[PDB]
Amino acid sequence: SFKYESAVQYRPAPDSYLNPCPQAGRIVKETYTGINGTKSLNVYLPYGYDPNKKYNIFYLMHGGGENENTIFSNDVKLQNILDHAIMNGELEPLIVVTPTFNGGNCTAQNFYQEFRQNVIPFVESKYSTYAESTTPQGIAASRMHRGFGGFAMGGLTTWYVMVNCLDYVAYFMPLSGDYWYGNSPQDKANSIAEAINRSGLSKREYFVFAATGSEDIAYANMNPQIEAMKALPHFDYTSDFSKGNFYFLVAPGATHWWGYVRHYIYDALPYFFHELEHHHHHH
Ligand SMILES: COC(=O)c1cc(OC)c(O)c(OC)c1
């Protein structure tokens with residue numbers, strides 16, 4: 001049922017989407033050991049998850065002071081939105097992973113290293129994504145079906161994941177956070193452009209759907225960065241990802257709070273994973 005719009009507008013999920021759905025995806029608490037020691041994450045599996053099918057996968061990072069349990073906690077309840085959207089056909093079934101930048105030497109800035117070496121192989125060896133194997137080659141070969149996003153300091157994580165992991169990830173959802181690399185918006189945009197240049201990828205092979213609230217403090221630093229990125233040839237600004245690859249959704253009145261930011265995921269996640277997808281769909 002999903003069709004791309006070229007300038008999608010903010011729309012909260014209905015209030016009923018915040019209550020439990022009978023078609024509930026399973027959430028699995030996992031523990032693994034990597035370069036930052038023994039750590040945990042949650043894996044949301046869609047209702048009807050079949051390991052003999054292949055699922056898109058979206059990794060989603062919490063904000064400062066939060067943890068791997070926050071996004072599926074009572075303070076956010078993102079799983080209820082996921083369950084309802086998948087059941088109603090708004091969102092194709094996917095795996096959603098909530099890891100953490102806490103623990104050991106890990107930070108919001110450096111998490112991408114653990115993401116590459118430990119998180120992707122742990123999760124994607126266990127669960128059925130488009131990765132046929134979890135060697136670097138297997139991960140890279142399935143990059144069009146892998147996304148990363150996050151809120152606030154997790155938005156910063158997302159930008160560092162983008163710059164350092166274009167080989168592994170095609171879709172990016174930075175929420176209420178900017179990219180801290182640079183002394184001007186142009187430095188930030190140029191770093192992203194250089195990463196794209198180095199990757200060799202075409203403009204049809206990476207996608208950025210950024211979002212924040214018009215009353216969210218992070219807008220102050222995101223907006224200049226977004227404007228500098230718009231000026232790059234590397235980005236074609238539109239939410240219609242059949243035609244371009246870059247959008248910035250600004251929710252009127254919304255403040256720096258998961259209560260709003262969960263709706264940005266509701267609005268944006270349905271836009272992901274249709275370019276070079278393996279099903280025959282018309283969006
Ligand atoms: C609590 O505030 C933040 O996390 C935050 C993060 C940002 O980028 C990662 C911001 O740009 C920001 O602007 C006020 C605030």
# chains A, B, ... in the order shown; residues from 1 in each chain; ligands from 1
$ closest_atom_pairs --of "chain A" --to "ligand 1" --cutoff "6 Å" --atoms "only C-alpha atoms and all ligand atoms" --output "CSV"
residue,atom,partner,partner_atom_place_in_ligand_line,distance
A:152,CA,ligand 1,4 (O),4.2
A:153,CA,ligand 1,9 (C),4.5
A:155,CA,ligand 1,9 (C),5.7
A:156,CA,ligand 1,9 (C),4.5
A:177,CA,ligand 1,8 (O),3.4
A:178,CA,ligand 1,8 (O),4.3
A:217,CA,ligand 1,14 (C),4.5
A:218,CA,ligand 1,13 (O),3.6
A:221,CA,ligand 1,11 (O),4.6
$ closest_atom_pairs --of "stretch 84-121 of chain A" --to "stretch 42-62 of chain A" --cutoff "7 Å" --atoms "only C-alpha atoms" --output "CSV"
residue,atom,partner,partner_atom,distance
A:93,CA,A:46,CA,5.6
A:94,CA,A:56,CA,4.9
A:95,CA,A:57,CA,4.7
A:96,CA,A:58,CA,4.9
A:97,CA,A:43,CA,4.6
A:98,CA,A:60,CA,5.1
A:99,CA,A:61,CA,6.2
A:100,CA,A:61,CA,6.5
$ closest_atom_pairs --of "stretch 174-276 of chain A" --to "stretch 71-82 of chain A" --cutoff "12 Å" --atoms "only C-alpha atoms" --output "Markdown table"
| residue | atom | partner | partner_atom | distance |
| --- | --- | --- | --- | --- |
| A:257 | CA | A:76 | CA | 9.5 |
| A:258 | CA | A:76 | CA | 6.1 |
| A:259 | CA | A:76 | CA | 6.5 |
| A:260 | CA | A:76 | CA | 9.4 |
| A:261 | CA | A:76 | CA | 9.1 |
| A:262 | CA | A:78 | CA | 6.3 |
| A:263 | CA | A:81 | CA | 8.5 |
| A:264 | CA | A:78 | CA | 10.9 |
| A:265 | CA | A:78 | CA | 8.6 |
| A:266 | CA | A:81 | CA | 7.0 |
| A:267 | CA | A:81 | CA | 10.6 |
| A:268 | CA | A:82 | CA | 12.0 |
| A:269 | CA | A:82 | CA | 9.5 |
| A:270 | CA | A:82 | CA | 10.2 |
$ write_last_selection --atoms "N, CA and C atoms" --output "mmCIF file, in the first residue's frame"
data_model
loop_
_atom_site.group_PDB
_atom_site.id
_atom_site.type_symbol
_atom_site.label_atom_id
_atom_site.label_comp_id
_atom_site.auth_asym_id
_atom_site.auth_seq_id
_atom_site.Cartn_x
_atom_site.Cartn_y
_atom_site.Cartn_z
ATOM 1 N N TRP A 257 12.118 15.000 22.704
ATOM 2 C CA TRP A 257 11.465 14.025 23.559
ATOM 3 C C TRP A 257 11.063 12.806 22.726
ATOM 4 N N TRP A 258 11.350 11.607 23.238
ATOM 5 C CA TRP A 258 10.953 10.376 22.554
ATOM 6 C C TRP A 258 9.462 10.320 22.209
ATOM 7 N N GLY A 259 8.647 11.009 22.991
ATOM 8 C CA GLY A 259 7.212 11.013 22.763
ATOM 9 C C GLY A 259 6.876 11.486 21.352
ATOM 10 N N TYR A 260 7.637 12.457 20.838
ATOM 11 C CA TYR A 260 7.563 12.884 19.453
ATOM 12 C C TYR A 260 8.444 12.072 18.515
ATOM 13 N N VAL A 261 9.684 11.794 18.923
ATOM 14 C CA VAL A 261 10.653 11.213 18.003
ATOM 15 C C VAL A 261 10.214 9.827 17.506
ATOM 16 N N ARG A 262 9.491 9.077 18.338
ATOM 17 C CA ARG A 262 8.962 7.780 17.874
ATOM 18 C C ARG A 262 8.094 7.924 16.628
ATOM 19 N N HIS A 263 7.375 9.033 16.506
ATOM 20 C CA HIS A 263 6.548 9.303 15.341
ATOM 21 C C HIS A 263 7.368 9.614 14.114
ATOM 22 N N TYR A 264 8.578 10.155 14.288
ATOM 23 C CA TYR A 264 9.438 10.358 13.137
ATOM 24 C C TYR A 264 9.817 9.008 12.518
ATOM 25 N N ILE A 265 10.063 8.000 13.355
ATOM 26 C CA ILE A 265 10.360 6.654 12.887
ATOM 27 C C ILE A 265 9.153 6.068 12.174
ATOM 28 N N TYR A 266 7.969 6.270 12.751
ATOM 29 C CA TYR A 266 6.737 5.877 12.061
ATOM 30 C C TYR A 266 6.619 6.499 10.673
ATOM 31 N N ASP A 267 6.983 7.769 10.542
ATOM 32 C CA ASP A 267 6.856 8.461 9.277
ATOM 33 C C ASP A 267 7.941 8.061 8.272
ATOM 34 N N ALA A 268 9.151 7.850 8.761
ATOM 35 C CA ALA A 268 10.316 7.657 7.903
ATOM 36 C C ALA A 268 10.609 6.207 7.576
ATOM 37 N N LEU A 269 10.452 5.303 8.538
ATOM 38 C CA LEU A 269 10.848 3.922 8.298
ATOM 39 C C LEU A 269 10.131 3.299 7.109
ATOM 40 N N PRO A 270 8.846 3.603 6.885
ATOM 41 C CA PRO A 270 8.190 3.078 5.672
ATOM 42 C C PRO A 270 8.832 3.474 4.361
#
$ select_by_dssp --residues "stretch 114-215 of chain A" --states "strand (DSSP E)" --output "VMD selection string"
chain A and resid 146 to 151 171 to 175 207 to 213
$ write_last_selection --atoms "N, CA and C atoms" --output "PDB file, in the first residue's frame"
ATOM      1  N   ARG A 146      20.026  -2.743   4.731  1.00  0.00           N
ATOM      2  CA  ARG A 146      20.517  -2.475   6.083  1.00  0.00           C
ATOM      3  C   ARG A 146      20.470  -0.967   6.310  1.00  0.00           C
ATOM      4  N   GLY A 147      19.935  -0.581   7.470  1.00  0.00           N
ATOM      5  CA  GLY A 147      19.818   0.818   7.832  1.00  0.00           C
ATOM      6  C   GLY A 147      20.242   1.079   9.256  1.00  0.00           C
ATOM      7  N   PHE A 148      20.553   2.343   9.522  1.00  0.00           N
ATOM      8  CA  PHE A 148      20.978   2.785  10.844  1.00  0.00           C
ATOM      9  C   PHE A 148      20.341   4.120  11.128  1.00  0.00           C
ATOM     10  N   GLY A 149      19.824   4.266  12.338  1.00  0.00           N
ATOM     11  CA  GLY A 149      19.313   5.524  12.805  1.00  0.00           C
ATOM     12  C   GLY A 149      19.473   5.686  14.281  1.00  0.00           C
ATOM     13  N   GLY A 150      19.069   6.835  14.807  1.00  0.00           N
ATOM     14  CA  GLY A 150      19.246   7.072  16.218  1.00  0.00           C
ATOM     15  C   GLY A 150      18.868   8.481  16.620  1.00  0.00           C
ATOM     16  N   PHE A 151      18.642   8.678  17.918  1.00  0.00           N
ATOM     17  CA  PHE A 151      18.167   9.931  18.488  1.00  0.00           C
ATOM     18  C   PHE A 151      19.226  10.639  19.335  1.00  0.00           C
ATOM     19  N   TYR A 171      20.906   3.029   4.248  1.00  0.00           N
ATOM     20  CA  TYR A 171      19.827   3.919   4.672  1.00  0.00           C
ATOM     21  C   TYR A 171      20.127   4.459   6.051  1.00  0.00           C
ATOM     22  N   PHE A 172      19.981   5.769   6.203  1.00  0.00           N
ATOM     23  CA  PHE A 172      20.369   6.466   7.421  1.00  0.00           C
ATOM     24  C   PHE A 172      19.243   7.336   7.928  1.00  0.00           C
ATOM     25  N   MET A 173      18.956   7.261   9.226  1.00  0.00           N
ATOM     26  CA  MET A 173      17.879   8.014   9.850  1.00  0.00           C
ATOM     27  C   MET A 173      18.384   8.766  11.098  1.00  0.00           C
ATOM     28  N   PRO A 174      19.143   9.849  10.903  1.00  0.00           N
ATOM     29  CA  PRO A 174      19.576  10.668  12.037  1.00  0.00           C
ATOM     30  C   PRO A 174      18.425  11.512  12.563  1.00  0.00           C
ATOM     31  N   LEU A 175      18.158  11.406  13.852  1.00  0.00           N
ATOM     32  CA  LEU A 175      17.034  12.063  14.503  1.00  0.00           C
ATOM     33  C   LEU A 175      17.528  13.019  15.566  1.00  0.00           C
ATOM     34  N   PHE A 207      20.999   6.773   1.139  1.00  0.00           N
ATOM     35  CA  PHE A 207      19.753   7.505   1.394  1.00  0.00           C
ATOM     36  C   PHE A 207      19.779   8.045   2.807  1.00  0.00           C
ATOM     37  N   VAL A 208      19.462   9.311   2.954  1.00  0.00           N
ATOM     38  CA  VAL A 208      19.442   9.956   4.263  1.00  0.00           C
ATOM     39  C   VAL A 208      18.081  10.584   4.487  1.00  0.00           C
ATOM     40  N   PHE A 209      17.364  10.115   5.505  1.00  0.00           N
ATOM     41  CA  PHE A 209      16.078  10.698   5.917  1.00  0.00           C
ATOM     42  C   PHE A 209      16.297  11.185   7.344  1.00  0.00           C
ATOM     43  N   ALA A 210      16.638  12.458   7.455  1.00  0.00           N
ATOM     44  CA  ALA A 210      16.862  13.111   8.742  1.00  0.00           C
ATOM     45  C   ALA A 210      15.563  13.685   9.253  1.00  0.00           C
ATOM     46  N   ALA A 211      15.438  13.830  10.559  1.00  0.00           N
ATOM     47  CA  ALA A 211      14.232  14.411  11.119  1.00  0.00           C
ATOM     48  C   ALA A 211      14.498  15.051  12.460  1.00  0.00           C
ATOM     49  N   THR A 212      13.688  16.059  12.780  1.00  0.00           N
ATOM     50  CA  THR A 212      13.705  16.645  14.101  1.00  0.00           C
ATOM     51  C   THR A 212      12.410  17.404  14.288  1.00  0.00           C
ATOM     52  N   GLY A 213      12.263  18.032  15.450  1.00  0.00           N
ATOM     53  CA  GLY A 213      11.105  18.871  15.729  1.00  0.00           C
ATOM     54  C   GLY A 213      11.417  20.342  15.556  1.00  0.00           C
TER      55      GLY A 213
END
$ closest_residue --among "A:233, A:63, A:279, A:157" --to "residue A:180" --atoms "only C-alpha atoms"
A:157
$ closest_atom_pairs --of "stretch 111-172 of chain A" --to "stretch 182-188 of chain A" --cutoff "12 Å" --atoms "only C-alpha atoms" --output "tab-separated table"
residue	atom	partner	partner_atom	distance
A:156	CA	A:188	CA	11.9
A:159	CA	A:188	CA	9.8
A:160	CA	A:188	CA	10.9
A:163	CA	A:188	CA	10.2
$ closest_residue --among "A:235, A:240, A:101, A:120" --to "residue A:66" --atoms "only C-alpha atoms"
A:101
$ residues_around --residues "residue A:199" --least-positions-apart "6" --cutoff "10 Å" --atoms "only C-alpha atoms" --output "CSV table (one decimal) with N, CA and C atoms, in the first residue's frame"
chain,number,residue,atom,x,y,z
A,163,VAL,N,29.5,7.9,7.8
A,163,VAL,CA,30.8,8.3,7.3
A,163,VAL,C,31.8,7.1,7.2
A,164,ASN,N,31.7,6.2,8.2
A,164,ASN,CA,32.6,5.1,8.3
A,164,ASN,C,32.1,3.7,7.8
A,165,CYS,N,30.8,3.7,7.4
A,165,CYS,CA,30.2,2.4,7.1
A,165,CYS,C,29.3,2.4,5.9
A,166,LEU,N,29.6,3.3,5.0
A,166,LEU,CA,28.8,3.3,3.7
A,166,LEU,C,28.9,1.9,3.0
A,167,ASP,N,30.0,1.2,3.2
A,167,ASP,CA,30.2,-0.1,2.6
A,167,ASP,C,29.2,-1.1,3.1
A,193,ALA,N,30.7,14.0,1.9
A,193,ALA,CA,31.0,13.9,0.5
A,193,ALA,C,32.2,13.1,0.2
